[PDB]
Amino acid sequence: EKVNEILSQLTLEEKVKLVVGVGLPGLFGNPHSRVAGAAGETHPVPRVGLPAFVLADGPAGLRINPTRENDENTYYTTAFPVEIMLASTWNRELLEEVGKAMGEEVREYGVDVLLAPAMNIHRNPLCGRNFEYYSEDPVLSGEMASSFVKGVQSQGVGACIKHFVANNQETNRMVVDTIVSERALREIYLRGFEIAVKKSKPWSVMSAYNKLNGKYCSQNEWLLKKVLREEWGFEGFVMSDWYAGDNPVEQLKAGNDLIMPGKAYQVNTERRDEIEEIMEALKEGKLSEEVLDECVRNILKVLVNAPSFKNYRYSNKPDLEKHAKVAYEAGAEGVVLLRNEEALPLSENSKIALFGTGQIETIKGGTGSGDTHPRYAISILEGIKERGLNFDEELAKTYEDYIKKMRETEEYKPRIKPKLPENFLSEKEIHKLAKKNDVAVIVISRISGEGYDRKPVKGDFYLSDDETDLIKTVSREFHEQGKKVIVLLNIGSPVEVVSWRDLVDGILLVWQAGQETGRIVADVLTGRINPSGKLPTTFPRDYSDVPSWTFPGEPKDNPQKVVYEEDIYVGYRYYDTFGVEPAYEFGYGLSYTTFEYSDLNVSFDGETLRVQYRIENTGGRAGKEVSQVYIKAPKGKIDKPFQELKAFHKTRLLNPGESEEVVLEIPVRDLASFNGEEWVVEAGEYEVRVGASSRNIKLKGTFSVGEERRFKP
């Protein structure tokens, strides 16, 4: 209507301008976007009243420049916990809240489309961007993304789900050919995106850098048209990842509508200006105006609903304080208690000896486009000060001076920050600290970021020798006295845990909780927060145990391809099916209280499976319980994983003795497996497994499918 109005007005060249970004703003010869720091803008066409639309990162919060040249004003953003921590909440409602808060900020700073959430599968722990992805499971990931997208888009701005698809490693991501069976695609990698597209209707999708089965995703017609549109019914537009692909017209033919960020010749001497090349292809009949029209329409159908289109006056002053409370809540529910041998929460009196250089160099989140620049970021130490806990002040001063000393030293100064030695304390000095203090609290920290994969080496997936030395020594001397030790994992992805976990009494997976980290952590120690998070990803006993062994491809040092040999058997699907025991299993997490499951009733009417059960707080402290419903399908015709997560739920805050009724519905189509051509729901007996984790099944029931069901996409 209005869209088809503008379309009939546009000249050929205006249509071309519209499908290409204006170049990376503020860099190279490029002018800052009106929202300095923004990832990109579209070409304005003042004529027909088209404004430049603004795109900005990212998954951990709006990423824009805090300050602006010749400006007295401020533009700070809320830095939320990382996605893997958000996912650990297993809380849709909360994700929706996080989306609304980010959404308000996005709107009020004049941004039209937020580049989030990222929702690639956790194929392998070493992936540099796992921290900004949700899960190794498509249901958990898809559900979380949907909730986040509904939140963002309740605010009049756009969400962009990414990266479509199978961007599961950073190594050579812009060239690597990802070889994946159609079955693994549909069951694992596309599956999350399918859920998000159908349940939340994101304004836009960002095509991945990598090739899929021979074709760049930004140039893959099967992916962007056949799957995305013709099967799933996507009605937004697709944009390319930044500088992705190698042919602009092939991108438009495949259904990649918006090429970003534009002016690719600025980072690759080989690329042509994308507008020149497209104009040429229309001129030569390599590209038809009809195809160009469909691209422009896809973009316009969406962006006429953007605030920019309606000249919306933004305040440049969102409610930061209100949002910080949301970020704190998000983190509070996302901390995972991994181990507690009568160690947590800490007694009121408890005098804490705080170890680990990361108590001060607290990691708020990984680097890259998923980074953020908040007005502040509370470290673990500062959090403990603020809460006025009983910490060893002499030790804290010792660390403060140690860090500053070596950060100024040639071998350990920023360029990225080199990893500092952790065993600088005398064996005797720790003996004294053990006599003086009540408990020990050890922070071990890890950081990753876009563009770099982790390696299965010490200081990375494994503890460095100095870290294991520190833990062994602190453990021994604090255990010498009748005292407890606690480790805080300030990490973005699984690390080795088996070799040292038996040495310590408590283990909090604090991940990377954004600006409010220290505050969240302090409140978890004291029991003010009752941990309710659970793993969205499997912690392997050793790196050699992970099924995605081909990571990061062949040849290892410069991978040109990587094939998913493990296929659908990725994450817990692998460990359950082939009987490999994880260090900590998918969906595992402890509580400061106990829960009891009961009253299971499963019913299937041929179109809907209904699982009902009661969860009662059986302990002495209020808490939330995440419950998980796995379906074990019969063996029947084709091979299937041991079980598959089909639904989940997080109870309200239950006081002791309180209980809740849990009612979950699963459509029969979600019980299907893909056989290469069709989705099939095989007839036979199915098991319902309601768990507190994938291996802690509290309730079991069966139901039967009488007639097989088939679905050809």
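For every residue, the number given is its place in the sequence shown, counted from 1.
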Deposited residues omitted from coordinates between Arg415 and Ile416, as a class:
4 to 9
Residue range whose averaged C-alpha B-factor is higher in the record, 5-13 or 700-708
5-13
Comparing 132-140 with 521-529, which stretch shows the greater average C-alpha B-factor in the deposited entry?
521-529
From the entry's CA B-factor values, the highest among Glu333, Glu93, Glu182, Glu342 is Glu342
Considering only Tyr209, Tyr265, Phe80, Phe642, which residue's Cα atom bears the greatest B-factor as recorded?
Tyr265
Within-chain third of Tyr686 by Cα B-factor, per the entry
middle
When the modelled residues of the chain are sorted by Cα temperature factor, does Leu27 land in the lowest, middle or highest third?
highest
By the entry's values, the third containing the CA B factor of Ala647 is the lowest
Of the three thirds of Cα B-factor ranks in this chain, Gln512 occupies the middle
Relative C-alpha B-factor of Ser347, binned into the chain's lowest, middle or highest third:
highest
